[PDB]
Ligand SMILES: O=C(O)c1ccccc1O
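Before any questions on binding or motion, here is one chain by itself as structure tokens, the form deposited without the named molecule.
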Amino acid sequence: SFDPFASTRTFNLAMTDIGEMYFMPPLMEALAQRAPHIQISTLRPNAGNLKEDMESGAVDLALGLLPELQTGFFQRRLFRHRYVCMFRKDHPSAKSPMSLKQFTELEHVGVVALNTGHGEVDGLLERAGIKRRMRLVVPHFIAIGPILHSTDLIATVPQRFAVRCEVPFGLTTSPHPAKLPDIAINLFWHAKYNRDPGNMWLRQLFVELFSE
């Protein structure tokens, strides 16, 4: 059985940096009263062999868009968030909602976001004929907040990311002028642990906390 309160067990959760920045604060909040003695540890999906690890029990849950997890895996879609345009509050030019015209007038900071749901936007936009001035290109999102705060660069980020960054770095978000598809976040677990007490508990909590 599983006693969430008395549990000393450790859960290993695979997620991206966007998902980690979004899920972790609220989860650690909820676990404070529900499961004060358990331990959480996170990894990047790409960090190794997600497939083979979730199956052996090394990874308990995976989060994000993971087309590679098909056979042997259940998935419970949590929500969708769309792409927004982020720039600093007191930007001299930027307006909201930003027009597609100004979007290409301004300079950008682009996240490669290689091998995630967000690495797709770069080609989606260059195929749409939308040419940008990437003054800067970084692999991940850790510095997007600070960079937008000190410059006149604009960025295309997941709306969940802006949720965590708007107030802290004094930024404004705009509905994305481009026709960008929604990015779906799913809850993944292996069939082997479909009826494992612990796994059902944690994944039910994720649903309770983050399901739209």
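Residue indices: 1-based, along the sequence shown.
Stretches 132 to 140 and 74 to 82 differ in mean CA B factor, with 74 to 82 having the higher one.
When the mean C-alpha temperature factors of 15 to 23 and 189 to 197 are read from the deposited coordinates, 189 to 197 comes out higher. Highest CA B-factor among the listed residues (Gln39, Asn49, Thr42, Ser150): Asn49. Out of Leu180, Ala58, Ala155, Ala62, it is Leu180 whose C-alpha atom has the highest B-factor in the PDB entry. Among the modelled residues of its chain, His108 has a C-alpha B-factor that falls in the lowest third, as given in the PDB entry.
Sort the chain's modelled residues by C-alpha temperature factor and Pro67 lands in the highest third, per the entry.
In the deposited entry, the Cα temperature factor of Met28 places it in the lowest third of its chain's modelled residues.
The protein also exists as the form deposited with the named molecule bound; that form is not presented, and the subsequent description refers to it.
The partner is not drawn, yet in the deposited complex one stretch among 124 to 132, 104 to 112, 76 to 84, 89 to 97 has residues with heavy atoms inside 4.5 Å of the named molecule: 76 to 84. Remark: none of the three candidate residues (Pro26, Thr156 and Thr173) comes within 4.5 Å of the named molecule in the deposited complex, counting heavy atoms only. Taking the partner from the other structure, the named molecule in the deposited complex has no heavy atom within 4.5 Å of any heavy atom of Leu148.
Put simply, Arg9 is close to the named molecule in the deposited complex: some heavy atom of it is within 4.5 Å. Using a 4.5 Å cutoff between non-hydrogen atoms, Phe188 does not count as a contact of the named molecule in the deposited complex.
The closest heavy atom approach of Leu43 to the named molecule in the deposited complex falls outside 4.5 Å. Checked against the named molecule in the deposited complex, the candidates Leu69, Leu61, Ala178, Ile38 yield a single residue with a heavy atom inside 4.5 Å, and that residue is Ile38.
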